[PDB]
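*Asks:* Here you go, this is protein_15.csv (CSV, C-alpha atoms).
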```csv
chain,number,residue,atom,x,y,z
L,1,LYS,CA,0.0,0.0,0.0
L,2,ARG,CA,2.5,2.6,1.2
L,3,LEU,CA,5.3,0.8,-0.7
L,4,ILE,CA,3.4,1.5,-4.0
L,5,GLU,CA,3.4,5.3,-3.4
L,6,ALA,CA,7.1,5.1,-2.2
L,7,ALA,CA,8.2,3.3,-5.4
L,8,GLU,CA,6.1,5.8,-7.6
L,9,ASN,CA,8.0,8.9,-6.4
L,10,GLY,CA,11.3,7.1,-6.4
L,11,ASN,CA,11.9,7.2,-2.6
L,12,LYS,CA,14.5,4.4,-2.3
L,13,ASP,CA,15.0,5.0,1.4
L,14,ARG,CA,11.2,4.7,2.2
L,15,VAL,CA,11.0,1.6,-0.2
L,16,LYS,CA,14.0,0.0,1.7
L,17,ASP,CA,12.5,0.6,5.2
L,18,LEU,CA,8.9,-0.6,4.2
L,19,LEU,CA,10.2,-4.0,3.0
L,20,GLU,CA,12.5,-4.2,6.1
L,21,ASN,CA,9.2,-3.8,8.1
L,22,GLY,CA,7.7,-6.8,6.1
L,23,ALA,CA,5.9,-5.1,3.2
L,24,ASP,CA,5.1,-7.5,0.3
L,25,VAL,CA,7.5,-6.8,-2.7
L,26,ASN,CA,4.5,-8.1,-4.9
L,27,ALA,CA,1.7,-6.0,-3.3
L,28,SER,CA,-1.0,-4.9,-5.8
L,29,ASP,CA,-3.3,-1.9,-6.1
L,30,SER,CA,-7.1,-2.2,-7.2
L,31,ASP,CA,-5.7,-1.6,-10.8
L,32,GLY,CA,-3.3,-4.5,-10.4
L,33,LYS,CA,-0.4,-2.0,-10.2
L,34,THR,CA,2.6,-3.3,-8.2
L,35,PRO,CA,5.5,-1.2,-6.7
L,36,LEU,CA,7.6,-2.4,-9.7
L,37,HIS,CA,5.0,-1.2,-12.3
L,38,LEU,CA,5.1,2.4,-10.9
L,39,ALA,CA,8.9,2.6,-10.3
L,40,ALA,CA,9.4,1.2,-13.8
L,41,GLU,CA,6.9,3.6,-15.4
L,42,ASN,CA,8.5,6.6,-13.6
L,43,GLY,CA,12.1,5.6,-14.5
L,44,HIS,CA,13.4,5.1,-11.0
L,45,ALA,CA,16.2,2.6,-11.9
L,46,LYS,CA,17.7,2.4,-8.4
L,47,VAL,CA,14.2,1.6,-6.9
L,48,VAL,CA,13.6,-0.9,-9.8
L,49,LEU,CA,16.9,-2.7,-9.0
L,50,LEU,CA,16.1,-2.9,-5.2
L,51,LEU,CA,12.6,-4.3,-6.0
L,52,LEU,CA,13.9,-6.9,-8.5
L,53,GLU,CA,16.6,-8.2,-6.1
L,54,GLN,CA,14.0,-8.5,-3.3
L,55,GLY,CA,11.8,-10.8,-5.6
L,56,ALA,CA,9.5,-8.4,-7.5
L,57,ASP,CA,7.8,-10.0,-10.5
L,58,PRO,CA,8.9,-8.3,-13.8
L,59,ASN,CA,5.9,-10.0,-15.5
L,60,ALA,CA,3.1,-9.0,-13.2
L,61,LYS,CA,0.2,-7.8,-15.3
L,62,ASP,CA,-2.0,-4.8,-14.3
L,63,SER,CA,-5.7,-4.4,-15.2
L,64,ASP,CA,-4.7,-3.2,-18.7
L,65,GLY,CA,-2.5,-6.3,-19.2
L,66,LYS,CA,0.6,-4.2,-19.0
L,67,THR,CA,3.7,-5.5,-17.2
L,68,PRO,CA,6.4,-3.1,-15.7
L,69,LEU,CA,8.3,-3.7,-19.0
L,70,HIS,CA,5.4,-2.3,-21.1
L,71,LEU,CA,5.3,0.8,-18.9
L,72,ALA,CA,9.1,1.3,-18.9
L,73,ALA,CA,9.3,0.7,-22.8
L,74,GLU,CA,6.4,3.1,-23.5
L,75,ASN,CA,8.2,5.9,-21.5
L,76,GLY,CA,11.6,5.2,-23.0
L,77,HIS,CA,13.4,4.3,-19.8
L,78,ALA,CA,16.3,2.3,-21.4
L,79,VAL,CA,18.2,1.5,-18.1
L,80,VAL,CA,14.9,0.3,-16.5
L,81,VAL,CA,14.1,-1.8,-19.6
L,82,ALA,CA,17.6,-3.4,-19.4
L,83,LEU,CA,17.1,-4.1,-15.6
L,84,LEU,CA,13.7,-5.8,-16.2
L,85,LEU,CA,15.1,-7.9,-19.2
L,86,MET,CA,18.0,-9.1,-17.0
L,87,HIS,CA,15.5,-10.3,-14.4
L,88,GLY,CA,13.4,-12.3,-17.0
L,89,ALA,CA,10.8,-9.8,-18.2
L,90,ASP,CA,9.1,-11.2,-21.3
L,91,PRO,CA,9.7,-8.8,-24.2
L,92,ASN,CA,6.7,-10.4,-26.1
L,93,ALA,CA,4.1,-10.0,-23.3
L,94,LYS,CA,0.8,-8.7,-24.9
L,95,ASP,CA,-1.3,-6.0,-23.1
L,96,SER,CA,-5.2,-5.6,-23.5
L,97,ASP,CA,-4.6,-3.9,-27.0
L,98,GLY,CA,-2.4,-6.9,-28.0
L,99,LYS,CA,0.6,-4.5,-27.8
L,100,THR,CA,4.0,-5.9,-26.7
L,101,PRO,CA,6.7,-3.6,-25.1
L,102,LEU,CA,8.2,-3.3,-28.6
L,103,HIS,CA,4.9,-1.9,-30.1
L,104,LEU,CA,4.9,0.8,-27.3
L,105,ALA,CA,8.6,1.7,-27.7
L,106,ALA,CA,8.2,1.9,-31.6
L,107,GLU,CA,5.0,4.1,-31.2
L,108,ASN,CA,6.8,6.6,-29.0
L,109,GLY,CA,10.1,6.6,-31.0
L,110,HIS,CA,12.3,5.1,-28.3
L,111,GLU,CA,15.3,3.7,-30.3
L,112,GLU,CA,17.4,2.6,-27.4
L,113,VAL,CA,14.5,0.6,-25.8
L,114,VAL,CA,13.7,-1.0,-29.3
L,115,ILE,CA,17.4,-2.1,-29.6
L,116,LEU,CA,17.4,-3.7,-26.0
L,117,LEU,CA,14.1,-5.5,-26.6
L,118,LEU,CA,15.2,-6.9,-30.0
L,119,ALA,CA,18.5,-8.1,-28.4
L,120,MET,CA,16.4,-10.0,-25.8
L,121,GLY,CA,14.4,-11.8,-28.5
L,122,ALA,CA,11.4,-9.5,-28.9
L,123,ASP,CA,9.5,-10.6,-32.1
L,124,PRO,CA,9.5,-7.6,-34.5
L,125,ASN,CA,6.5,-9.1,-36.4
L,126,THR,CA,4.0,-9.5,-33.6
L,127,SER,CA,0.5,-8.1,-34.5
L,128,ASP,CA,-1.5,-6.0,-32.1
L,129,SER,CA,-5.4,-6.0,-31.9
L,130,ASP,CA,-5.5,-3.9,-35.1
L,131,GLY,CA,-3.2,-6.3,-37.0
L,132,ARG,CA,-0.3,-3.7,-36.8
L,133,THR,CA,3.3,-4.7,-36.2
L,134,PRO,CA,5.9,-2.5,-34.3
L,135,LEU,CA,7.3,-1.6,-37.8
L,136,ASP,CA,3.9,-0.2,-38.8
L,137,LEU,CA,3.9,2.0,-35.6
L,138,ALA,CA,7.5,3.1,-36.2
L,139,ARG,CA,6.6,4.2,-39.7
L,140,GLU,CA,3.5,6.1,-38.3
L,141,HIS,CA,5.9,7.7,-35.7
L,142,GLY,CA,8.4,8.7,-38.4
L,143,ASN,CA,11.7,8.2,-36.7
L,144,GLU,CA,13.6,6.6,-39.6
L,145,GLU,CA,16.3,5.1,-37.3
L,146,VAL,CA,13.7,3.0,-35.4
L,147,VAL,CA,12.1,2.1,-38.8
L,148,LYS,CA,15.5,1.0,-40.1
L,149,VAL,CA,16.4,-0.9,-36.9
L,150,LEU,CA,13.1,-2.9,-37.1
L,151,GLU,CA,13.6,-3.6,-40.9
L,152,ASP,CA,17.2,-4.9,-40.2
L,153,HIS,CA,15.8,-7.3,-37.6
L,154,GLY,CA,13.5,-9.0,-40.1
L,155,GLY,CA,10.5,-6.6,-39.6
V,1,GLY,CA,39.7,-7.9,-40.9
V,2,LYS,CA,41.3,-4.5,-40.9
V,3,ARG,CA,38.3,-3.1,-43.0
V,4,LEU,CA,35.8,-4.7,-40.5
V,5,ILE,CA,37.6,-2.9,-37.5
V,6,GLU,CA,37.5,0.6,-39.2
V,7,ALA,CA,33.8,0.0,-40.3
V,8,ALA,CA,32.8,-1.1,-36.7
V,9,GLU,CA,34.7,2.0,-35.4
V,10,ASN,CA,32.7,4.3,-37.8
V,11,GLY,CA,29.4,2.8,-36.8
V,12,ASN,CA,28.7,1.7,-40.4
V,13,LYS,CA,26.3,-1.2,-39.7
V,14,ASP,CA,25.6,-1.9,-43.4
V,15,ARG,CA,29.4,-2.0,-44.2
V,16,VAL,CA,29.9,-4.3,-41.1
V,17,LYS,CA,27.2,-6.6,-42.3
V,18,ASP,CA,28.6,-6.6,-45.9
V,19,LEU,CA,32.1,-7.5,-44.7
V,20,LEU,CA,30.8,-10.4,-42.5
V,21,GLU,CA,28.9,-11.8,-45.5
V,22,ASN,CA,32.2,-11.7,-47.5
V,23,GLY,CA,33.9,-13.9,-44.9
V,24,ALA,CA,35.5,-11.4,-42.4
V,25,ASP,CA,36.4,-12.8,-39.0
V,26,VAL,CA,34.1,-11.4,-36.3
V,27,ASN,CA,37.0,-11.8,-33.8
V,28,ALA,CA,39.7,-10.2,-36.0
V,29,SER,CA,42.4,-8.4,-34.0
V,30,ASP,CA,44.6,-5.3,-34.6
V,31,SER,CA,48.3,-5.1,-33.5
V,32,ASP,CA,47.0,-3.5,-30.3
V,33,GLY,CA,44.6,-6.4,-29.7
V,34,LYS,CA,41.5,-4.3,-30.5
V,35,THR,CA,38.7,-6.3,-32.1
V,36,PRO,CA,35.7,-4.7,-34.1
V,37,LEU,CA,33.6,-5.2,-30.9
V,38,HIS,CA,36.2,-3.2,-28.8
V,39,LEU,CA,35.9,-0.1,-31.2
V,40,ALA,CA,32.1,-0.3,-31.7
V,41,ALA,CA,31.6,-0.5,-27.9
V,42,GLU,CA,34.2,2.3,-27.2
V,43,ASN,CA,32.5,4.6,-29.8
V,44,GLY,CA,28.9,3.8,-28.5
V,45,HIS,CA,27.6,2.2,-31.7
V,46,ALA,CA,24.9,0.0,-30.0
V,47,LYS,CA,23.4,-1.3,-33.3
V,48,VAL,CA,26.9,-2.4,-34.6
V,49,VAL,CA,27.6,-3.9,-31.0
V,50,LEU,CA,24.4,-6.0,-31.2
V,51,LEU,CA,25.1,-7.3,-34.8
V,52,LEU,CA,28.7,-8.2,-33.8
V,53,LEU,CA,27.5,-10.0,-30.6
V,54,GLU,CA,24.9,-12.1,-32.4
V,55,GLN,CA,27.6,-13.1,-35.0
V,56,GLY,CA,29.9,-14.5,-32.3
V,57,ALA,CA,32.1,-11.5,-31.2
V,58,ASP,CA,33.8,-12.2,-27.8
V,59,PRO,CA,32.6,-9.6,-25.2
V,60,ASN,CA,35.6,-10.6,-23.0
V,61,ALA,CA,38.4,-10.3,-25.7
V,62,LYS,CA,41.3,-8.4,-24.1
V,63,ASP,CA,43.3,-5.7,-25.9
V,64,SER,CA,47.0,-4.8,-25.2
V,65,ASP,CA,45.9,-2.7,-22.1
V,66,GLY,CA,43.9,-5.7,-20.8
V,67,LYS,CA,40.7,-3.8,-21.6
V,68,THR,CA,37.6,-5.7,-22.8
V,69,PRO,CA,34.9,-4.0,-24.9
V,70,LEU,CA,33.0,-3.7,-21.5
V,71,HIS,CA,35.9,-1.6,-20.0
V,72,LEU,CA,35.8,0.7,-23.1
V,73,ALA,CA,32.0,1.1,-23.1
V,74,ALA,CA,31.9,1.6,-19.3
V,75,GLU,CA,34.7,4.2,-19.3
V,76,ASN,CA,32.8,6.2,-22.0
V,77,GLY,CA,29.4,5.9,-20.3
V,78,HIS,CA,27.7,4.0,-23.1
V,79,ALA,CA,24.8,2.5,-21.0
V,80,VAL,CA,23.0,0.7,-23.8
V,81,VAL,CA,26.2,-0.8,-25.1
V,82,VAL,CA,27.1,-1.9,-21.5
V,83,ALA,CA,23.7,-3.6,-21.1
V,84,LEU,CA,24.2,-5.4,-24.5
V,85,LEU,CA,27.6,-6.7,-23.5
V,86,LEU,CA,26.4,-7.8,-20.1
V,87,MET,CA,23.5,-9.7,-21.8
V,88,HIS,CA,26.1,-11.6,-23.9
V,89,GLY,CA,28.2,-12.6,-20.9
V,90,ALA,CA,30.8,-9.8,-20.5
V,91,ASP,CA,32.5,-10.2,-17.1
V,92,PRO,CA,31.7,-7.0,-15.0
V,93,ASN,CA,34.7,-7.9,-12.8
V,94,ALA,CA,37.4,-8.3,-15.6
V,95,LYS,CA,40.6,-6.5,-14.6
V,96,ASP,CA,42.7,-4.4,-17.1
V,97,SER,CA,46.5,-3.8,-16.9
V,98,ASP,CA,45.9,-1.2,-14.0
V,99,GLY,CA,43.7,-3.8,-12.1
V,100,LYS,CA,40.6,-1.7,-13.0
V,101,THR,CA,37.3,-3.4,-13.6
V,102,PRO,CA,34.6,-1.7,-15.8
V,103,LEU,CA,33.1,-0.5,-12.4
V,104,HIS,CA,36.4,1.4,-11.5
V,105,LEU,CA,36.3,3.1,-15.0
V,106,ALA,CA,32.6,4.0,-14.8
V,107,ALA,CA,33.0,5.4,-11.2
V,108,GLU,CA,36.1,7.4,-12.1
V,109,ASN,CA,34.2,9.1,-15.0
V,110,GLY,CA,30.9,9.6,-13.1
V,111,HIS,CA,28.7,7.3,-15.3
V,112,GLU,CA,25.9,6.5,-12.8
V,113,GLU,CA,23.6,4.5,-15.3
V,114,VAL,CA,26.6,2.3,-16.2
V,115,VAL,CA,27.5,1.8,-12.5
V,116,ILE,CA,23.8,0.7,-11.8
V,117,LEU,CA,23.9,-1.8,-14.7
V,118,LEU,CA,27.3,-3.3,-13.7
V,119,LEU,CA,26.1,-3.7,-10.0
V,120,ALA,CA,22.9,-5.4,-11.2
V,121,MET,CA,25.1,-8.0,-13.1
V,122,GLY,CA,27.2,-8.8,-10.0
V,123,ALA,CA,30.1,-6.3,-10.3
V,124,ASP,CA,31.9,-6.4,-6.9
V,125,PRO,CA,31.8,-2.8,-5.5
V,126,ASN,CA,34.9,-3.6,-3.3
V,127,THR,CA,37.4,-4.8,-5.9
V,128,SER,CA,40.9,-3.3,-5.5
V,129,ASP,CA,42.8,-2.0,-8.5
V,130,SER,CA,46.7,-2.1,-8.8
V,131,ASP,CA,47.0,0.9,-6.3
V,132,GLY,CA,44.6,-0.8,-3.8
V,133,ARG,CA,41.8,1.6,-4.7
V,134,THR,CA,38.1,0.5,-4.9
V,135,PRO,CA,35.5,2.0,-7.3
V,136,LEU,CA,34.2,4.1,-4.2
V,137,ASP,CA,37.7,5.6,-3.7
V,138,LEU,CA,37.8,6.6,-7.5
V,139,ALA,CA,34.2,8.0,-7.3
V,140,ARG,CA,35.2,10.1,-4.3
V,141,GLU,CA,38.5,11.3,-5.8
V,142,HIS,CA,36.8,12.8,-9.0
V,143,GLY,CA,33.9,14.4,-7.0
V,144,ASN,CA,31.2,12.0,-8.3
V,145,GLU,CA,28.6,12.3,-5.5
V,146,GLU,CA,25.7,10.5,-7.3
V,147,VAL,CA,28.0,7.5,-8.0
V,148,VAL,CA,29.4,7.6,-4.4
V,149,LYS,CA,25.9,7.1,-2.9
V,150,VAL,CA,25.0,4.2,-5.3
V,151,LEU,CA,28.2,2.4,-4.4
V,152,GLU,CA,27.8,3.0,-0.7
V,153,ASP,CA,24.2,1.6,-0.9
V,154,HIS,CA,25.5,-1.6,-2.6
V,155,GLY,CA,27.9,-2.4,0.3
V,156,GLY,CA,30.9,-0.3,-1.0
```
Here is the file; what I need is its structure written in the form of structure tokens.

*Replies:*
Amino acid sequence: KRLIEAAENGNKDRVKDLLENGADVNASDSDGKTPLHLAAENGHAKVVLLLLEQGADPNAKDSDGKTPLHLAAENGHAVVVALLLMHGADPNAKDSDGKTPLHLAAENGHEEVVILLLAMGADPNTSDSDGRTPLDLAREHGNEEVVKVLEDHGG
Amino acid sequence: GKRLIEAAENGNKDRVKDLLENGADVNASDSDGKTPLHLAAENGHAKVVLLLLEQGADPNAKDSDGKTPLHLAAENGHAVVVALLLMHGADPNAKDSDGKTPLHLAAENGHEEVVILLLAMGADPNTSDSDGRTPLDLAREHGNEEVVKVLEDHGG
């Protein structure tokens, strides 16, 4: 409960003391949001690492089917994405719109995140609910470097 | 091999791919022991780094200074490159000729994101270089306060 708000604002000290007091590393909000979802979304890499080493699930799905990897990828938090991938976050997990972390990174033009996801086996040809691939979204965004990266990985 | 090294240094992914298709050795070395992966990691060419790694480039190949591509990427603060190298098994505790690990080089140059990634992959925060200095001593010496705190929190 308090741990979720402490991970959200990137308050590492308050996160550390709440788990020392016995707070569940995998505690969930009414929206299925865990402390790892919010720290990942907000780009708090140090908090993300502490949560991961304490056993936080990098594949926990919220009510939108989004994992902390979806949220970090969407926001272009490259270091956070790398930390999640290192701890076994699925780069092909689909949200409620059928979008993988790669679809969200490509849509928002996050080249570094796209590279990291592809390196960890993200399928560049996965179709979302509208039948669109991350390449289709990268072309809609217009960043030609992301377009090129996806094309080079068999997109 | 020589053409592959310069192309990897320039970040020319298409020329790198063309040379590998023509039979260029992924692990070709210069007279200084620098491989195409050493130069692509040093110059921060993440896309070239990924292509080289998937084609079998050694992330632990040592140059004449005992530096691996991880040392060079960590020293220059290339976070994405560091993450790519770590994913492919680069040793975060490898020592160069000065006894410095990539963590010593990252801490010396104030590269906080690189330090976080190295620590996450098991880099020992208390390794001593040839002068008996730890990454914390080097982070302190060069006034890198953000790096100092991170190292202290990881048992430094």

*Asks:* Measuring atom to atom with only C-alpha atoms, identify which of V:9, V:124, V:96, V:153 is nearest to residue 62 (chain V).

*Replies:*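 Under the stated criterion, the closest residue is V:96.
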
*Asks:* List as a PyMOL selection string the protein and nucleic acid residues near residue 87 (chain V), meaning an atom at most 10 Å away when all atoms listed in the file are counted, but skip any in the same chain fewer than 5 places from it.

*Replies:* (chain L and resi 82+85-86+116+119-120) or (chain V and resi 53+59+81-82+121)

*Asks:* Please provide as a ChimeraX atom specification all residues within 9 Å of residue 28 (chain V), with the sequence filter that same-chain residues fewer than 6 positions apart are discarded (counting only C-alpha atoms).

*Replies:* /V:1-2,4-5,34-36

*Asks:* Considering all atoms listed in the file, extract the chain V residues located within 12 Å of chain L and return them as a PyMOL selection string.

*Replies:* chain V and resi 13-14+17+44-54+78-89+112-122+146-147+149-151+153-154

*Asks:* Can you tell me, as a ChimeraX atom specification, which residues sit within 7 Å of (36.3, -14.5, -33.0) in the file's frame, using all atoms listed in the file?

*Replies:* /V:25-28,56-58

*Asks:* What does the structure give for the distance between CA of residue 99 (chain V) and CA of residue 145 (chain V), in Å to one decimal?

*Replies:* 23.0 Å

*Asks:* Considering all atoms listed in the file, return as a PyMOL selection string whatever protein or nucleic-acid residues lie within 7 Å of region 4-7 of chain L, sequence-local ones (same chain, fewer than 2 positions apart) excluded.

*Replies:* chain L and resi 1-2+9-11+14-15+34-35+38-39+47

*Asks:* If I take CA of residue 17 (chain L) and CA of residue 3 (chain L), how far is one from the other in Å, to one decimal?

*Replies:* 9.3 Å

*Asks:* Go through V:132, V:33, V:77, V:92 one by one, measure the shortest atom-to-atom distance of each to residue 107 (chain V) using only C-alpha atoms, and give the residue with the smallest value.

*Replies:*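 Residue with the minimum atom-to-atom distance to residue 107 (chain V): V:77.
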
*Asks:* If we count all atoms listed in the file, what is near residue 133 (chain V) at a cut-off of 12 Å, once residues fewer than 3 positions away on the same chain are taken out, given as a list in words?

*Replies:*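 The contact residues come out as residues 98, 99, 100, 101, 103, 104, 105, 107, 108, 125, 126, 127, 128, 129, 130, 136, 137, 138, 139, 140, 141 and 156 of chain V.
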
*Asks:* Report, in Å to a single decimal, how far apart CA of residue 129 (chain L) and CA of residue 27 (chain L) are.

*Replies:*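 CA of residue 27 (chain L) sits 29.5 Å away from CA of residue 129 (chain L).
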
*Asks:* Neighbouring residues of region 92-101 of chain L were defined as those with any atom within 6 Å, considering all atoms listed in the file; residues of the same chain fewer than 5 positions away were excluded. Please report them as a PDB file with C-alpha atoms, in the coordinates of the input.

*Replies:*
```pdb
ATOM      1  CA  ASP L  64      -4.700  -3.200 -18.700  1.00  0.00           C
ATOM      2  CA  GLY L  65      -2.500  -6.300 -19.200  1.00  0.00           C
ATOM      3  CA  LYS L  66       0.600  -4.200 -19.000  1.00  0.00           C
ATOM      4  CA  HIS L  70       5.400  -2.300 -21.100  1.00  0.00           C
ATOM      5  CA  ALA L  73       9.300   0.700 -22.800  1.00  0.00           C
ATOM      6  CA  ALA L 122      11.400  -9.500 -28.900  1.00  0.00           C
ATOM      7  CA  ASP L 128      -1.500  -6.000 -32.100  1.00  0.00           C
ATOM      8  CA  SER L 129      -5.400  -6.000 -31.900  1.00  0.00           C
TER       9      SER L 129
END
```

*Asks:* Given the choices L:142, L:103, L:90, L:69, which gets closest to residue 130 (chain L) if the distance is worked out from all atoms listed in the file?

*Replies:* L:103

*Asks:* Would you mind putting N, CA, C and O atoms back on region 14-27 of chain V and writing the result as a PDB file, in the coordinates of the input?

*Replies:*
```
ATOM      1  N   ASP V  14      25.777  -1.278 -42.110  1.00  0.00           N
ATOM      2  CA  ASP V  14      25.600  -1.900 -43.400  1.00  0.00           C
ATOM      3  C   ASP V  14      26.993  -2.376 -44.000  1.00  0.00           C
ATOM      4  O   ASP V  14      27.045  -3.472 -44.571  1.00  0.00           O
ATOM      5  N   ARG V  15      28.092  -1.598 -43.796  1.00  0.00           N
ATOM      6  CA  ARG V  15      29.400  -2.000 -44.200  1.00  0.00           C
ATOM      7  C   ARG V  15      29.919  -3.200 -43.401  1.00  0.00           C
ATOM      8  O   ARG V  15      30.538  -4.112 -43.967  1.00  0.00           O
ATOM      9  N   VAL V  16      29.601  -3.207 -42.068  1.00  0.00           N
ATOM     10  CA  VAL V  16      29.900  -4.300 -41.100  1.00  0.00           C
ATOM     11  C   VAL V  16      29.253  -5.586 -41.583  1.00  0.00           C
ATOM     12  O   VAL V  16      29.919  -6.608 -41.748  1.00  0.00           O
ATOM     13  N   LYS V  17      27.935  -5.516 -41.843  1.00  0.00           N
ATOM     14  CA  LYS V  17      27.200  -6.600 -42.300  1.00  0.00           C
ATOM     15  C   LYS V  17      27.717  -7.191 -43.666  1.00  0.00           C
ATOM     16  O   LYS V  17      27.894  -8.405 -43.785  1.00  0.00           O
ATOM     17  N   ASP V  18      28.063  -6.288 -44.626  1.00  0.00           N
ATOM     18  CA  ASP V  18      28.600  -6.600 -45.900  1.00  0.00           C
ATOM     19  C   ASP V  18      29.978  -7.330 -45.843  1.00  0.00           C
ATOM     20  O   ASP V  18      30.239  -8.241 -46.622  1.00  0.00           O
ATOM     21  N   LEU V  19      30.830  -6.917 -44.890  1.00  0.00           N
ATOM     22  CA  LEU V  19      32.100  -7.500 -44.700  1.00  0.00           C
ATOM     23  C   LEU V  19      32.037  -8.915 -44.042  1.00  0.00           C
ATOM     24  O   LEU V  19      32.762  -9.815 -44.462  1.00  0.00           O
ATOM     25  N   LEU V  20      31.095  -9.107 -43.082  1.00  0.00           N
ATOM     26  CA  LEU V  20      30.800 -10.400 -42.500  1.00  0.00           C
ATOM     27  C   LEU V  20      30.294 -11.439 -43.476  1.00  0.00           C
ATOM     28  O   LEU V  20      30.644 -12.622 -43.410  1.00  0.00           O
ATOM     29  N   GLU V  21      29.464 -10.973 -44.431  1.00  0.00           N
ATOM     30  CA  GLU V  21      28.900 -11.800 -45.500  1.00  0.00           C
ATOM     31  C   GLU V  21      29.991 -12.232 -46.500  1.00  0.00           C
ATOM     32  O   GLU V  21      29.889 -13.304 -47.099  1.00  0.00           O
ATOM     33  N   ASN V  22      31.052 -11.403 -46.642  1.00  0.00           N
ATOM     34  CA  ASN V  22      32.200 -11.700 -47.500  1.00  0.00           C
ATOM     35  C   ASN V  22      33.270 -12.557 -46.840  1.00  0.00           C
ATOM     36  O   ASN V  22      34.293 -12.869 -47.458  1.00  0.00           O
ATOM     37  N   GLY V  23      33.012 -12.966 -45.595  1.00  0.00           N
ATOM     38  CA  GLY V  23      33.900 -13.900 -44.900  1.00  0.00           C
ATOM     39  C   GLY V  23      34.820 -13.279 -43.821  1.00  0.00           C
ATOM     40  O   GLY V  23      35.708 -13.990 -43.345  1.00  0.00           O
ATOM     41  N   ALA V  24      34.637 -11.998 -43.449  1.00  0.00           N
ATOM     42  CA  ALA V  24      35.500 -11.400 -42.400  1.00  0.00           C
ATOM     43  C   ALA V  24      35.287 -11.989 -41.061  1.00  0.00           C
ATOM     44  O   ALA V  24      34.155 -12.279 -40.676  1.00  0.00           O
ATOM     45  N   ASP V  25      36.398 -12.242 -40.348  1.00  0.00           N
ATOM     46  CA  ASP V  25      36.400 -12.800 -39.000  1.00  0.00           C
ATOM     47  C   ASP V  25      35.816 -11.839 -37.991  1.00  0.00           C
ATOM     48  O   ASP V  25      36.367 -10.743 -37.832  1.00  0.00           O
ATOM     49  N   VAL V  26      34.716 -12.229 -37.298  1.00  0.00           N
ATOM     50  CA  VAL V  26      34.100 -11.400 -36.300  1.00  0.00           C
ATOM     51  C   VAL V  26      35.035 -11.030 -35.132  1.00  0.00           C
ATOM     52  O   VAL V  26      34.894  -9.970 -34.522  1.00  0.00           O
ATOM     53  N   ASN V  27      36.001 -11.932 -34.860  1.00  0.00           N
ATOM     54  CA  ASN V  27      37.000 -11.800 -33.800  1.00  0.00           C
ATOM     55  C   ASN V  27      38.395 -11.449 -34.343  1.00  0.00           C
ATOM     56  O   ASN V  27      39.398 -11.820 -33.723  1.00  0.00           O
TER      57      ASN V  27
END
```
